[PDB]
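Reviewing the structure listed below.
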Amino acid sequence: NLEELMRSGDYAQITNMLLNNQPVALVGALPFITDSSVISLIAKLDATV
Amino acid sequence: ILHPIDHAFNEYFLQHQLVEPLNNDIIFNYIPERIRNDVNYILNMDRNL
Amino acid sequence: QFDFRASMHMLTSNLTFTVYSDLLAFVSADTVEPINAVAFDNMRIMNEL
């Protein structure tokens, strides 16, 4: 839950899962961007953000 | 090249000195106990030692 | 009188180190928003809002 994460703000369980690259589904309303090209997909770009 | 009295004061200064090593664990055991186990306060280590 | 063999020694120490006072400067400190602050029973103080 991103909202409960924004409230307390411990960032200990999310630093663990993002350093040890475990599969995660973050839940919460989020603004995105739209990217329409293949070379920005062949370069594995979505894992950078 | 020292006198035997003058070496006695200098070997005592070399062997017995107040200086001991530091890490991130000793600093974490230095803050008081309620703040170690509080949810209102957020603390971590941001420097190598 | 000066005896050379009885008045020459071999002293031993460290190469380099650094002494740090003020241990709490290695601690990053943040605080939850004060409307969301709770007491020991994990129930919010100032229920008057």
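Things to note:
- Where helices (runs of 4 or more DSSP H) sit wholly within chain A, those with at least 1 residues that are surrounded by 10 or more Cβ atoms within 10 Å (Cβ to Cβ), under 11 Å from the mean Cα position of the chain (by Cα) and not small (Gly, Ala, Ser) occupy A:2-8, A:13-19.
- Residues of region A:19-49 satisfying the condition of being more than 15 Å from A:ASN1 (Cα to Cα) and among the aliphatic types (A, V, I, L, M): A:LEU19, A:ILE33, A:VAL38, A:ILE39, A:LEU41, A:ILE42, A:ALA43, A:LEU45, A:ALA47, A:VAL49
- Qualifying residue in region C:6-14 (condition: assigned to a loop (DSSP other than H, G, I, E, B), within 24 Å of the chain's Cα centre (by Cα) and either within 10 Å of chain B (Cβ to nearest Cβ) or surrounded by fewer than 10 Cβ atoms within 10 Å (Cβ to Cβ) (or both)): yes
- Meets criteria (out of contact with any strand residue (DSSP E or B) (no Cβ under 8 Å at 6 or more places or on another chain), in a loop (DSSP other than H, G, I, E, B) and within 10 Å of chain C (Cβ to nearest Cβ)) for B:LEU22: yes
- In region C:18-49, the qualifying residues are those that are polar (S, T, N, Q), facing chain B (nearest Cβ under 10 Å) and loosely packed, with under 10 Cβ neighbours inside 10 Å, and the one that is nearest to B:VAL39 (Cα to Cα) is C:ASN42.
Residues are listed down the side, and each one gets a yes or a no for (1) within 22 Å of A:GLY9 (Cα to Cα); (2) surrounded by fewer than 10 Cβ atoms within 10 Å (Cβ to Cβ); (3) within 10 Å of chain C (Cβ to nearest Cβ); (4) basic (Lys, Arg):
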position	(1), (2), (3), (4)
B:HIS7	no, no, yes, no
B:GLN15	no, yes, yes, no
B:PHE28	yes, no, yes, no
B:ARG36	yes, no, no, yes
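- A count restricted to region C:20-49 and to residues that are hydrophobic (A, V, I, L, M, F, W, C), within 19 Å of B:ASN44 (Cβ to Cβ) and outside any loop (DSSP other than H, G, I, E, B) stands at 6.
- All positions within region B:25-44 that are among the charged types (D, E, K, R) and not in a helix (DSSP H, G or I): B:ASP38
- Test: residue in region C:17-31 that is within 30 Å of B:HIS3 (Cα to Cα) and not small (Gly, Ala, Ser): yes
- Members of region B:38-48 found to be surrounded by 11 or more Cβ atoms within 10 Å (Cβ to Cβ) and within 12 Å of C:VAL27 (Cβ to Cβ), listed by number: B:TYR41, B:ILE42, B:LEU43, B:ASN44, B:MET45
- Across region B:38-49, the number of residues qualifying as at the interface with another protein chain (Cβ under 9 Å from one of its Cβ atoms) and of a type in the set (D, E, K, R) comes to 2.
- The residue that is farthest from C:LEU23 (Cα to Cα), among those in region B:6-19 that are part of a loop (DSSP other than H, G, I, E, B) and of a type in the set (A, V, I, L, M), is B:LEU18.
Positions of Cβ are generated from backbone atoms using ideal geometry, with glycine treated the same way; all protein chains shown enter the neighbour counts. Any read-out appearing in this document is the output of simple, stated calculations on the displayed coordinates, not a laboratory observation.
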